[PDB]
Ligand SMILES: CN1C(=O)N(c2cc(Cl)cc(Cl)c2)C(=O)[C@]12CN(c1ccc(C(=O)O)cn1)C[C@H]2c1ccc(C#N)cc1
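Only one chain is shown below, in C-alpha coordinates, and it's the form deposited without the named molecule.
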(Lines give C-alpha, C1' and ligand atoms only; values in the text may rest on other atoms or scores of the structure.)
Protein backbone atom coordinates (compact mmCIF):
# COMPACT_ATOMS: atom_id res chain seq x y z
CA UNK A 1 0.00 0.00 0.00
CA UNK A 2 0.94 3.70 -0.01
CA UNK A 3 0.50 4.29 3.74
CA UNK A 4 2.60 1.29 4.82
CA UNK A 5 4.52 3.41 7.40
CA UNK A 6 7.95 2.31 6.13
CA UNK A 7 9.57 4.98 3.89
CA UNK A 8 13.06 5.24 2.34
CA UNK A 9 13.39 8.99 1.61
CA UNK A 10 16.45 9.87 -0.49
CA UNK A 11 16.99 13.64 -0.61
CA UNK A 12 18.70 14.10 -3.99
CA UNK A 13 19.49 17.75 -3.28
CA UNK A 14 21.31 20.06 -5.69
CA UNK A 15 24.35 22.13 -4.72
CA UNK A 16 25.15 23.42 -8.22
CA UNK A 17 27.00 26.70 -8.82
CA UNK A 18 23.47 28.10 -9.37
CA UNK A 19 22.85 27.84 -5.60
CA UNK A 20 24.33 30.43 -3.26
CA UNK A 21 25.25 29.69 0.41
CA UNK A 22 22.04 30.98 2.05
CA UNK A 23 19.85 29.22 -0.54
CA UNK A 24 21.71 25.96 -0.05
CA UNK A 25 21.45 26.38 3.74
CA UNK A 26 17.66 26.67 3.23
CA UNK A 27 17.83 23.39 1.21
CA UNK A 28 19.65 21.89 4.25
CA UNK A 29 17.07 23.45 6.62
CA UNK A 30 14.22 21.86 4.66
CA UNK A 31 15.73 18.35 4.87
CA UNK A 32 16.69 18.92 8.52
CA UNK A 33 13.07 19.94 9.28
CA UNK A 34 11.59 16.76 7.74
CA UNK A 35 14.22 14.64 9.50
CA UNK A 36 13.61 16.32 12.90
CA UNK A 37 9.82 16.06 12.71
CA UNK A 38 10.02 12.45 11.44
CA UNK A 39 12.96 11.31 13.64
CA UNK A 40 11.81 7.66 13.71
CA UNK A 41 12.81 4.33 12.16
CA UNK A 42 9.64 4.28 9.99
CA UNK A 43 11.24 7.02 7.88
CA UNK A 44 14.77 6.09 6.82
CA UNK A 45 16.50 9.08 5.23
CA UNK A 46 19.49 9.39 2.97
CA UNK A 47 20.84 12.55 1.33
CA UNK A 48 22.81 12.80 -1.89
CA UNK A 49 24.19 16.21 -2.68
CA UNK A 50 24.53 16.54 -6.45
CA UNK A 51 25.91 18.76 -9.20
CA UNK A 52 27.91 17.36 -12.18
CA UNK A 53 28.64 14.50 -9.74
CA UNK A 54 26.54 12.77 -7.07
CA UNK A 55 27.77 12.70 -3.43
CA UNK A 56 26.12 10.55 -0.74
CA UNK A 57 26.25 12.82 2.30
CA UNK A 58 24.68 10.01 4.34
CA UNK A 59 22.62 6.84 3.71
CA UNK A 60 19.73 4.97 5.40
CA UNK A 61 22.13 3.02 7.66
CA UNK A 62 23.79 6.31 8.72
CA UNK A 63 20.39 7.79 9.56
CA UNK A 64 19.41 4.59 11.45
CA UNK A 65 22.71 4.77 13.37
CA UNK A 66 22.90 8.49 14.23
CA UNK A 67 19.26 9.72 13.94
CA UNK A 68 20.31 13.41 13.94
CA UNK A 69 20.18 15.57 10.75
CA UNK A 70 22.82 18.08 11.92
CA UNK A 71 25.25 15.22 12.55
CA UNK A 72 24.30 13.46 9.31
CA UNK A 73 24.76 16.68 7.27
CA UNK A 74 28.28 17.41 8.69
CA UNK A 75 29.65 15.85 5.46
CA UNK A 76 28.08 18.65 3.33
CA UNK A 77 30.73 20.43 1.23
CA UNK A 78 28.93 22.65 -1.33
CA UNK A 79 30.11 21.31 -4.72
CA UNK A 80 29.11 24.28 -6.95
CA UNK A 81 29.24 22.45 -10.34
CA UNK A 82 26.56 21.50 -12.99
CA UNK A 83 23.27 19.53 -12.41
CA UNK A 84 23.51 15.83 -13.41
CA UNK A 85 20.06 14.96 -12.11
CA UNK A 86 19.71 11.93 -14.39
CA UNK A 87 23.10 10.40 -13.54
CA UNK A 88 22.41 11.14 -9.87
CA UNK A 89 18.97 9.47 -10.18
CA UNK A 90 20.61 6.36 -11.75
CA UNK A 91 23.29 6.41 -9.01
CA UNK A 92 20.61 6.63 -6.35
CA UNK A 93 18.49 3.92 -8.02
CA UNK A 94 21.31 1.37 -8.13
CA UNK A 95 23.81 2.28 -5.39
CA UNK A 96 21.88 4.15 -2.67
CA UNK A 97 18.70 2.04 -2.74
CA UNK A 98 20.42 -1.09 -1.34
CA UNK A 99 19.60 -3.24 1.72
CA UNK A 100 23.33 -3.24 2.61
CA UNK A 101 23.17 0.57 2.88
CA UNK A 102 19.91 0.22 4.90
CA UNK A 103 17.21 0.40 2.18
CA UNK A 104 14.43 -1.86 3.52
CA UNK A 105 12.66 -3.48 0.49
CA UNK A 106 9.18 -2.91 1.97
CA UNK A 107 9.94 0.81 2.43
CA UNK A 108 8.21 3.26 0.13
CA UNK A 109 10.98 4.06 -2.40
CA UNK A 110 10.84 7.88 -2.20
CA UNK A 111 13.38 10.02 -4.12
CA UNK A 112 12.91 13.73 -3.34
CA UNK A 113 14.87 15.64 -5.97
CA UNK A 114 15.53 19.24 -4.80
CA UNK A 115 16.86 21.41 -7.66
CA UNK A 116 16.91 25.01 -8.86
CA UNK A 117 18.56 23.92 -12.16
CA UNK A 118 17.45 21.88 -15.19
CA UNK A 119 18.99 18.46 -15.69
CA UNK A 120 22.27 19.27 -17.48
CA UNK A 121 22.79 15.53 -18.19
CA UNK A 122 19.35 14.36 -19.40
CA UNK A 123 20.68 10.82 -20.18
CA UNK A 124 18.10 8.28 -18.89
CA UNK A 125 16.33 7.42 -15.58
CA UNK A 126 14.79 4.01 -16.51
CA UNK A 127 16.78 2.56 -13.59
CA UNK A 128 14.54 4.65 -11.27
CA UNK A 129 11.19 4.26 -13.15
CA UNK A 130 9.61 2.45 -10.15
CA UNK A 131 11.14 4.86 -7.57
CA UNK A 132 9.04 7.90 -6.62
CA UNK A 133 10.88 10.86 -8.21
CA UNK A 134 9.25 13.65 -6.19
CA UNK A 135 10.79 16.87 -7.62
CA UNK A 136 10.98 20.40 -6.25
CA UNK A 137 11.77 22.85 -9.08
CA UNK A 138 13.02 26.08 -7.48
CA UNK A 139 11.79 29.04 -9.58
CA UNK A 140 15.31 30.18 -10.54
CA UNK A 141 15.80 28.06 -13.70
CA UNK A 142 12.26 26.63 -13.27
CA UNK A 143 10.86 30.16 -13.45
CA UNK A 144 10.51 29.44 -17.18
CA UNK A 145 7.49 27.29 -18.25
CA UNK A 146 9.64 25.44 -20.82
CA UNK A 147 12.05 24.52 -18.00
CA UNK A 148 9.22 23.58 -15.60
CA UNK A 149 7.86 21.12 -18.20
CA UNK A 150 11.11 19.10 -18.01
CA UNK A 151 10.39 18.30 -14.32
CA UNK A 152 7.21 16.45 -15.30
CA UNK A 153 9.35 14.12 -17.47
CA UNK A 154 11.81 13.39 -14.62
CA UNK A 155 9.17 12.99 -11.90
CA UNK A 156 7.09 9.95 -11.05
CA UNK A 157 3.45 10.04 -12.17
CA UNK A 158 1.03 11.73 -11.73
CA UNK A 159 3.52 14.56 -12.32
CA UNK A 160 0.83 16.99 -11.06
CA UNK A 161 1.39 15.48 -7.61
CA UNK A 162 5.12 14.75 -7.77
CA UNK A 163 6.30 18.08 -9.29
CA UNK A 164 6.35 21.15 -7.00
CA UNK A 165 7.35 24.40 -8.69
CA UNK A 166 8.72 26.50 -5.80
CA UNK A 167 9.10 30.21 -6.69
CA UNK A 168 11.83 30.81 -4.05
CA UNK A 169 13.87 28.85 -1.49
CA UNK A 170 11.92 31.02 0.99
CA UNK A 171 8.83 28.89 0.27
CA UNK A 172 10.67 25.68 1.35
CA UNK A 173 8.94 26.22 4.72
CA UNK A 174 5.48 26.29 3.06
CA UNK A 175 6.34 23.33 0.82
CA UNK A 176 7.68 21.49 3.90
CA UNK A 177 4.35 22.10 5.67
CA UNK A 178 2.40 20.77 2.65
CA UNK A 179 4.69 17.72 2.34
CA UNK A 180 4.22 17.07 6.09
CA UNK A 181 0.42 17.32 5.64
CA UNK A 182 0.63 14.61 2.93
CA UNK A 183 3.43 12.41 4.41
CA UNK A 184 1.51 12.31 7.73
CA UNK A 185 -1.09 10.19 5.87
CA UNK A 186 1.71 7.85 4.63
CA UNK A 187 3.10 7.42 8.15
CA UNK A 188 -0.57 7.22 9.16
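Residue numbers count along the first chain shown, from 1.
Missing here is the form deposited with the named molecule bound; even so, the following discussion is about that form.
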How would the site be scored, open or blocked, if the named molecule were superimposed onto this chain using its pose in the entry with it bound (blocked means 3 or more ligand atoms within 2.4 Å of backbone or C-beta)?
blocked
Using a 4.5 Å heavy atom cut-off, which stretch among 54 to 62, 139 to 147, 119 to 127, 37 to 45 contacts the named molecule in the entry with it bound?
37 to 45
Indicate whether the named molecule has at least one heavy atom within 4.5 Å of a heavy atom of residue 176 in the entry with it bound.
yes
Please check if residue 132 has a heavy atom lying within 4.5 Å of any heavy atom of the named molecule in the entry with it bound.
yes
If we define contact as a non-hydrogen atom of the residue within 4.5 angstroms of the partner, is residue 12 a contact of the named molecule in the entry with it bound?
no
Examine residue 103 and determine whether its closest non-hydrogen atom to the named molecule in the entry with it bound is within 4.5 angstroms.
no
Answer key, the named molecule contact in the entry with it bound at 4.5 Å (heavy atoms) among 112, 79, 72, 93: the residue is 112
Going through 148 to 166 from first to last, which residues have a non-hydrogen atom within 4.5 Å of the named molecule in the entry with it bound?
161, 164
